[PDB]
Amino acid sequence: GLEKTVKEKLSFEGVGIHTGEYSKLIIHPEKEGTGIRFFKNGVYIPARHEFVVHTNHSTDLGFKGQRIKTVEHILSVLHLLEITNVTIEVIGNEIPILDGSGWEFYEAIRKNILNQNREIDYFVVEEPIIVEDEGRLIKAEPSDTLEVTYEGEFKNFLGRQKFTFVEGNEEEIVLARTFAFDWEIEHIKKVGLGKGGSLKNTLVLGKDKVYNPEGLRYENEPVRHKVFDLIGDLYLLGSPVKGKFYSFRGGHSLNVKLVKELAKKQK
């Protein structure tokens, strides 16, 4: 495909899920060969694995004393639409969580895509690789198209679920909300996370119920969002990715570990 940017400045705002603090976000058009990067307090933070500063419950980027939390959702949308050249300006400490899914980002960007005139240099997975972490596992292997599978153990009514993204079904994961279990809420609050959490932006899961009045968006909404998360983290490779991925109980830390190992092997 051709490199892509946005045809005008796109604006978004809302609290961050973890900081609970309001952020103003502006997506700026950029020329060919610019890449995806964030901008905060006069500092450009490239959307690349080298700038990752934290990876639990979220993926956070940092550079020159400036930090931006929870970049995975907006990066996933950009990855799905193969937007390659924009600057994501942020006033605040965290990307807005909005409704907890990628819908608002996706709808606005898709509506304002500008095709540019240079072919995309894809990150193509060259060979099979497996990363593990005491039960957790992620495997990557060559594929000319992006395919991403996540399988999880939820230990509640959801049980064991899996979902597979293939190119063409991008919109089957952009509505999947971020989620939390009721048994981890106390811990989340204690370590200073989830301060922006509410039923308006988070799917809250119980043992045999959903705390959200409207219930689930999909019968397998959580694993859909996990795929959505992985695609976001995968874009930290610096280019749109072509490969086949399988994640079992993976998280941001394991996602970034795979990214870093893939980057090292193909540099």
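Just count from 1 along the sequence shown to find any residue number. Rigid core (definition): largest C-alpha set, two forms, superposition within 1.5 Å.
Averaged over structures and residues, the CA distance from the shown form in 7 other deposited structures of this protein after a core fit is larger for 205-213, of the two stretches 205-213 and 232-240.
Each structure in 7 other deposited structures of this protein is fitted to the shown form on the rigid core, and of 147-155 and 71-79 the C-alphas lie farther away on average for 147-155. Annotation for 92-100 versus 134-142: the higher mean temperature factor (C-alpha) is found in 134-142.
Averaged over Cα atoms, the B-factor as recorded in the entry is higher for 120-128 than for the other of 120-128 and 170-178.
Among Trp183, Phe165, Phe105, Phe157, the highest C-alpha B-factor recorded in the PDB entry belongs to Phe157.
As recorded in the entry, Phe63 carries the highest CA temperature factor of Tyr218, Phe228, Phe63, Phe38. When all modelled residues of the chain are sorted by CA temperature factor, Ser239 is found within the middle third.
Ranked by C-alpha B-factor against the other modelled residues of its chain, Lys69 falls in the middle third. In this PDB entry, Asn85 carries a Cα temperature factor that places it within the middle third of its chain's modelled residues. Ranked within its chain, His79 lands in the lowest third, by CA B factor from the PDB record. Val53: CA B factor in the highest third of modelled residues in this chain (values from the PDB entry).
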